[PDB]
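A lone chain, given as structure tokens: the form solved without the named molecule.
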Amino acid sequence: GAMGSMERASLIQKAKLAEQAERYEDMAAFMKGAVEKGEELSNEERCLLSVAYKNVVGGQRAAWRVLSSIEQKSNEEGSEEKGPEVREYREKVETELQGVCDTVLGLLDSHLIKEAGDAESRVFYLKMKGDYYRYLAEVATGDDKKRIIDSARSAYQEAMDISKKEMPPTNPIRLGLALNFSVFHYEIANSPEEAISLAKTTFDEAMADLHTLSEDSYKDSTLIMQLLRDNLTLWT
């Protein structure tokens, strides 16, 4: 790794600097270096890792969607043939996105998940595993598409099972997991009713547990509950 010669603590410090500078590719490379030191990550370090990669892949997904839209319009009837360029460039962005997903999935498999014994770390990493299989599923078309979809579902389901046993219903990781698994159901699995049921049940169970929280915990939980409500409003 090009980060092999840098101290773990310096990689973490530079990931925080890169975040402040909105240099998300650098932030992700610093956090990949920190993971590859082999030690478990703290709560804050897991957040740094997730923020870095979510921003990199989020930009790739946005560009992929622009290009896929142009490609679809170029393939309608009455459209003038523009040659292979739109497909080639959509494929280039798609292959880069798939590479970033495979990199994150590789960090999770070697060896973040297997060393994660506490619920807050294991649920976080299994949620990320579902997320990056979900991003692969967004662009998948081949023999492996169903297996990619099922890998996302399986990771999300394991995270859900642990979160329901080990975390309160307002825990922000449990809420964010449910938000994203609900989006998986709606957008990937063609299961809008399951998406809506999961979002509603998650919101209602969190609502009933807010009375137990401090003001700071309440702010974190209600932020995610508002996103569940936003999605429910989009879908109903």
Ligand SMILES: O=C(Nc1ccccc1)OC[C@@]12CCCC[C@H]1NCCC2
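The first residue of the shown sequence is 1; numbering continues from there.
Keep in mind that the form deposited with the named molecule bound is not shown, yet the notes after this line are about it.
- Contact annotation: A18 falls outside 4.5 Å of the named molecule in the bound PDB entry, judged by heavy atom distances.
- Proximity of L210 to the named molecule in the bound PDB entry falls within the 4.5 Å heavy atom cutoff.
- Contact check for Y186: every heavy atom lies farther than 4.5 Å from the named molecule in the bound PDB entry.
- Under a 4.5 angstroms non-hydrogen atom cutoff, the named molecule in the bound PDB entry lacks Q13 among its neighbouring residues.
- Using a 4.5 Å cut-off on any heavy atom, the residues of 193-223 that reach the named molecule in the bound PDB entry are, in sequence order, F203, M207, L210, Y218, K219, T222.
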